[PDB]
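Worksheet for the structure shown next.
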Amino acid sequence: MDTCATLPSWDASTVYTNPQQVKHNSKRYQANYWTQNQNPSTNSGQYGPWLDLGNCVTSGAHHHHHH
């Protein structure tokens with residue numbers, strides 16, 4: 001069962017926060033701070049409302065070592 005089918009989801013009215021993951025069209029994205037409600041691709045420059053994540057699952061290997 002998918003790692004990316006248990007992620008939180010965004011709500012259209014809600015202003016989003018620091019980089020938790022939210023999902024849409026069964027992929028995810030990550031907000032940095034308050035959103036623009038614009039496309040992320042076009043905002044791939046100056047200001048970063050939300051990042052468009054290339055993957056769904058987190059990367060292999062874990063630099064955090066469970067302290």
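A note on labels: chains of the structure tokens are A, B, ... as shown, every chain counts residues from 1, and ligands are counted from 1 in their shown order.
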In chain A, DSSP helix (DSSP H, G or I) residues written as a VMD selection string: chain A and resid 3 to 5 41 to 43
Taking N, CA, C and O atoms for each residue, export the selection above as a compact mmCIF listing (two decimals), in the first residue's frame.
# COMPACT_ATOMS: atom_id res chain seq x y z
N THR A 3 2.77 4.77 0.34
CA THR A 3 3.28 5.81 1.22
C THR A 3 2.62 7.13 0.90
O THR A 3 2.59 8.04 1.71
N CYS A 4 2.17 7.25 -0.34
CA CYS A 4 1.70 8.53 -0.84
C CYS A 4 0.18 8.51 -0.90
O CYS A 4 -0.46 9.41 -1.44
N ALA A 5 -0.40 7.53 -0.21
CA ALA A 5 -1.85 7.47 -0.04
C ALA A 5 -2.20 7.52 1.45
O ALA A 5 -3.27 7.12 1.86
N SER A 41 4.91 25.45 -11.03
CA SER A 41 5.87 25.37 -12.12
C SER A 41 6.28 26.73 -12.64
O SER A 41 7.40 26.95 -13.06
N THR A 42 5.34 27.65 -12.63
CA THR A 42 5.53 28.99 -13.14
C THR A 42 6.21 29.84 -12.09
O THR A 42 6.69 30.93 -12.37
N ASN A 43 6.21 29.33 -10.87
CA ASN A 43 6.76 30.02 -9.73
C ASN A 43 8.03 29.32 -9.28
O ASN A 43 8.47 29.42 -8.14
Who sits within 12 Å of stretch 11-28 of chain A, only C-alpha atoms, same chain under 2 positions skipped, as a PyMOL selection string: chain A and resi 2-9+30-38+40+48-58
Secondary structure check, strand (DSSP E) residues of chain A, as an MDAnalysis selection string: chainID A and resid 21:24 27:31 50:52
